[PDB]
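Structural description and commentary
One-letter residues, chain by chain:
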Number of protein chains: 2
Amino acid sequence: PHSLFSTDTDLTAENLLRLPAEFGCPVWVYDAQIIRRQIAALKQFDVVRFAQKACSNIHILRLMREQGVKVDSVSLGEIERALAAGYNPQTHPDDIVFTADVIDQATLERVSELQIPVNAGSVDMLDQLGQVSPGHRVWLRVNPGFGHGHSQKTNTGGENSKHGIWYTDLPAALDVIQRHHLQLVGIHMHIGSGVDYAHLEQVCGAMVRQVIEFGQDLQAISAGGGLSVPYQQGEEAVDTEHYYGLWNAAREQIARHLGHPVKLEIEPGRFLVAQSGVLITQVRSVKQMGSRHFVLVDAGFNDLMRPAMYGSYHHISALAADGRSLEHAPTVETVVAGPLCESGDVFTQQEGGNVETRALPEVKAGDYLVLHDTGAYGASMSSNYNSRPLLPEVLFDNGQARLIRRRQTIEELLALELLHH
Amino acid sequence: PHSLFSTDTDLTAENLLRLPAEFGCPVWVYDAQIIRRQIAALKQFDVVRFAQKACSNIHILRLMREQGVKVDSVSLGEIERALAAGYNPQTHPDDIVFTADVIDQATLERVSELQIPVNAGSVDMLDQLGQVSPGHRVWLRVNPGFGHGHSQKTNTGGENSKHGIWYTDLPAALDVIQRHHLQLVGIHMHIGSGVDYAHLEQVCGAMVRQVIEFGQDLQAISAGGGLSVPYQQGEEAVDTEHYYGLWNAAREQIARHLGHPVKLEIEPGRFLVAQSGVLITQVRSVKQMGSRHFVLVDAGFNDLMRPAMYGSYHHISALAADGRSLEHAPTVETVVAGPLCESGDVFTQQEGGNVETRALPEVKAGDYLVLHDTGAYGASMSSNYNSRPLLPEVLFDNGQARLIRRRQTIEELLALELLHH
Ligand SMILES: *Cc1c(COP(=O)(O)O)cnc(C)c1O
Ligand SMILES: *Cc1c(COP(=O)(O)O)cnc(C)c1O
Ligand SMILES: [Li+]
Ligand SMILES: [Li+]
Ligand SMILES: [Li+]
Ligand SMILES: [Li+]
């Protein structure tokens, strides 16, 4: 991640310390220019379609749209978010694509009404759509028979994945397409390769194979998402030119087979927004538990789910309350944990739950911690566990911080239950 | 769990099938009498203090209060919930206890204002409270040096737990108590033993030891929570008389040492509400993925977190759309998964993420699935991941189903971001 004393971005030490006083704490902060930088790295692609489930604030969606980035919505709620951000299906039919493995009644009505292209990930879903919206423009999400990672575990592909039409179910999908006169716009895969370029090549190769074998005309293909970001010091960052080389080559083979140009979409979620965001949280309690040195803050896993749920790594920095530099202060092996009355609420833990320590300056109550690289799957995954309200979100742009989401209140949550007082 | 064809409770087959049509789907359903039954099993205890983080709907809190059950709140939001349910600190000072390892400014002001007893789980927190509210009535949550489960992992006790004042920090806690003239009401432990009665005996024994060694007068002790429920067919249920025997014996030794009666609280969360609740979700897509038979429903891990996050088991039943019995229908090994565009959204998975199958009738789109025993840590843990709104909650009481929480809307979530339109 970025050092707080780099000062190329707006995510610096003086900048971060003042934010909690102005906007409240804990608080999510994003740097608009870092997002613009990630968008520019994918300029070779015809279409960059942001996977909004990674970070859905409508002001961040508006920023995407301003940069010519389109959007993928995976729920009816995400469709409404896109519309609130100025995406318009009537003037621009491909600006929003609705993508999922299932579709419910309200969504069917909404995508029929607005003629939002649907990327169906089950033949059943394709049939349900077709019956109520004959001739709808569709994409097919294909499961090519393999995913990424352990073959036994939940996956984005392969037989232990709920995602997409199994490749040998394609003929059955074509029957559904023909029955309802569906218009095939494109074929999509979302598997994710990180910086495993050999794995990426297998995805590209399966796309070429499957599209050519399916034998239908289409206007576009999508590489899906899954570009990784280096959460830990020294890890390798994605080479977008390399991604483009491999996916362009697959697109070109398909286009050659079809006899006309085929548009190439890429659908990043994490890559665009992860590094742009931080989470600022105050230290509230510091104590020794046996041989462990614990530092408890006011943000918990209901806020940032990753570490507690998956053992994910987020870099952690410390900010002294009075602003003195802790740059070169001595470090102590620290266990960082939250305020929830819940055993799993520990930020420094490995996959599977083992507690671990992080080398941090010796902070006191009143000091702040910064969790780095929380722009993706941070606020987007938040819950209200322990009756804790969604946090405020702040957007930095050229040194200026502005509120883009206010703190939810307990009253707003209670209004759901107070049905006539 | 209960069979849907038992029909001793209101959670039967005909009853469940009609609920989604009336109230929407997916939907949480609770049976009031099952909660009353769990409350009655702990009648020996002086105080049953419901851990509301397990299930916080204010109508369910009102039901608790009607049964003479008190409440533990672990956040400012939970305090407000308790007040909305008719608990009153002014007339009854011990009806709400605020319990946590940290305390923030807004909470300090609220508990000072209302004189809500605070159960402090860090000396720092005890000091912060004392400074602004001298003479406050307090409890001390003690970490006795050990928890429950693997010694390396996040825990409710032991050195790999963020919870409670480490037992050798007790003398330092007493200095804080004396400095601010705090009034010690009681001493508490929340470790959790399930049906491991030998482990329970170690907790009881540590309580006696620690209280006597601390050498302070107090009015009460608390056994904390952690009573288990049998989620799987054949598992052993808690013997409350056994729990009482062991904790009463510890209370009696303490009382004998103090020279006066000592009140005994028990603080169950799961035990009171788990078995009372179900989650009803419609089947939307059925497909074969390689060798796996997948059934995707309209509820996902944002709704019920347990299986996806921890590999937790919830019994699953099937309901045919037209109401024909599936009681004795042949079963097929099924992978049950949700609607999220997220690989981990699979209900039939083991701890660590391995996909597994469940023997279920061969349902089609339009049929419903019932996830059993979701009363605890179901709605309470829900998130808005994938911009999905909090579900509706329905309460059954003597055959009558009533709405106790309406479905959240996307507009309510968007209002947080629309700051002047
Ligand atoms: C989540 C998701 C993405 C983005 O995945 P990342 O790893 O964040 O890039 C892209 N497409 C679909 C259909 C998704 O569900
Ligand atoms: C969660 C919690 C409980 C209840 O735990 P269960 O396992 O649901 O019984 C009791 N006390 C405190 C302080 C808690 O955090
Ligand atoms: Li897998
Ligand atoms: Li929240
Ligand atoms: Li442990
Ligand atoms: Li939700």
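Residues numbered from 1 in each chain as written, not as in the entry; some residues may be left out. Chains lettered and ligands numbered in written order. Heavy atoms only, no water.

In the PDB archive, X-ray crystallography is given as the structure determination method for this entry, at a resolution of 2.10 Å.

With respect to the nonpolar core
Formally: To form a nonpolar core, buried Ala, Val, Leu, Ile, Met, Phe, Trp, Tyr and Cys residues must be joined to one another through side-chain atoms within 4.5 Å. Each residue gets one of three labels from its accessible area relative to the maximum for its type: buried under 20%, exposed over 50%, partly exposed in between, using a 1.4 Å probe on protein chains only. Note on contacts: a residue pair qualifies if any of its non-hydrogen atoms lie within 4.5 Å across the two residues.
Residues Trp 247 of chain A together with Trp 247 of chain B are the most contacted members of the largest nonpolar core, which totals 217 residues. Those residues in contact with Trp 247 of chain A that lie beyond four places of it in its chain are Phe 45, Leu 200, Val 203, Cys 204, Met 207, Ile 221, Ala 223 and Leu 264 of chain A.

Comments concerning the UniProt feature "active site" in chain A
This is how it is decided: UniProt positions are given in the numbering used here, feature names are shortened, and annotations may be inferred rather than shown by experiment. By the criteria applied, helices consist of DSSP H or I runs no shorter than four residues and strands consist of E runs no shorter than two, each listed in order from the N terminus.
Feature annotation in UniProt assigns "active site" to the following positions: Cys 341 of chain A. Structurally, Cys 341 of chain A is set in the loop between β14 (331-337) and β15 (358-361). On the accessibility criterion, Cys 341 of chain A (7% relative accessible area) is buried. Residues within four places of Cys 341 of chain A in sequence aside, it is in contact with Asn 386 of chain A together with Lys 53, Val 74, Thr 99, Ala 100, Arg 141 and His 163 of chain B.

Things to note about the relation of the copies chain A and chain B
To keep things clear, this is the line we draw: A least-squares fit on the C-alpha atoms is what superposes the copies onto each other.
For the pair chain A and chain B, the superposition axis carries a translation of 0.0 Å, the fit reaches an RMSD of 0.0 Å, and the rotation angle comes to 180°. Both copies are brought into coincidence by an operation consistent with a two-fold rotation axis. Proximity to the rotation axis, assessed at the C-alpha, singles out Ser 383 of chain A in chain A; its C-alpha lies 1.8 Å from the axis. Of the interface residues in chain A, 100% have counterparts in chain B that sit at the interface too, so the contact is made through matching surfaces.

Some remarks on the packing of helix α6 (residues 123-132) of chain B against helix α7 (residues 170-179) of chain B
Residue and element names in this part refer to chain B. Put simply, the test is: With axes taken as lines fitted to C-alpha atoms, and helix axes fitted only over the stretch in contact, angles between N-to-C directions fall between 0 and 180 degrees. Any angle that is under 35 degrees is reported as roughly parallel, and any over 145 degrees as roughly antiparallel; angles of 65 to 115 degrees are reported as roughly perpendicular and all others as oblique. Each residue is assigned to one of three groups, with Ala, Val, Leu, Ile, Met, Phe, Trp, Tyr, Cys and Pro labelled nonpolar, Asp, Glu, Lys and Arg labelled charged, and all others, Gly among them, labelled polar.
Interhelical geometry of α6 versus α7 gives an angle of 0° and a closest axis separation of 9 Å. It follows from the interaxial angle that α6 and α7 lie roughly parallel. Of the residues in α7, those touching α6 at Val 123, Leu 126 and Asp 127 are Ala 172, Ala 173, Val 176, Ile 177 and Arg 179. A class-by-class count of the residues in the contact of α6 with α7 yields six nonpolar, no polar and two charged.

Observations regarding the packing of aromatic side chains
Applicable threshold: Any pair of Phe, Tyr and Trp rings, taking the six-membered ring for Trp, is counted once the centres come within 6.5 Å. Such a pair is stacked with planes under 30 degrees apart, edge-to-face with planes over 60 apart, and tilted for the rest.
In total, this model carries 10 aromatic pairs over all chains according to the counting rule given. Note on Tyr 377 of chain A and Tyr 385 of chain B: the rings are 6.5 Å apart at their centroids and 80° apart in plane angle, and the pair reads as edge-to-face. You can see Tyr 377 of chain A sitting in the loop between β16 (368-371) and β17 (393-397) and its partner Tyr 385 of chain B sitting in the loop between β16 (368-371) and β17 (393-397), one on each of two chains. For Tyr 377 of chain A, a relative accessible area of 11% translates into the label buried. Ring centres 5.2 Å apart and planes at 85° place the aromatic pair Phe 45 of chain B and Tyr 244 of chain B in the edge-to-face group.

Observations concerning the interface of chain A and chain B
Let me state the cut-off plainly: Summed over both partners, the accessible area lost on bringing two parts together, with a 1.4 Å probe, is the buried area. Salt bridges are counted wherever a side-chain nitrogen of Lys or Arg sits within 4 Å of a carboxyl oxygen of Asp or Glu. Here a polar contact is recorded for every N or O atom pair within 3.5 Å, except that within protein the pair must consist of a potential hydrogen donor and a potential acceptor, and residues adjacent in sequence are included only if both atoms are side-chain atoms.
Taken together, the contact between chain A and chain B spans 97 residues of the former and 97 residues of the latter. Between chain A and chain B, a total of about 7800 Å² is buried, with carbon and sulfur atoms accounting for 56% of that surface. There are two salt bridges connecting chain A and chain B. Of the charged contacts, one joins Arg 81 of chain B and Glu 417 of chain A as a salt bridge, the two residues approaching to 2.9 Å between their closest N and O atoms. On inspection of chain A and its partner chain B, the count reaches 50 residue pairs in polar contact. Of the residues in the side of chain A that touches chain B, the class split is 37 nonpolar, 36 polar and 24 charged.

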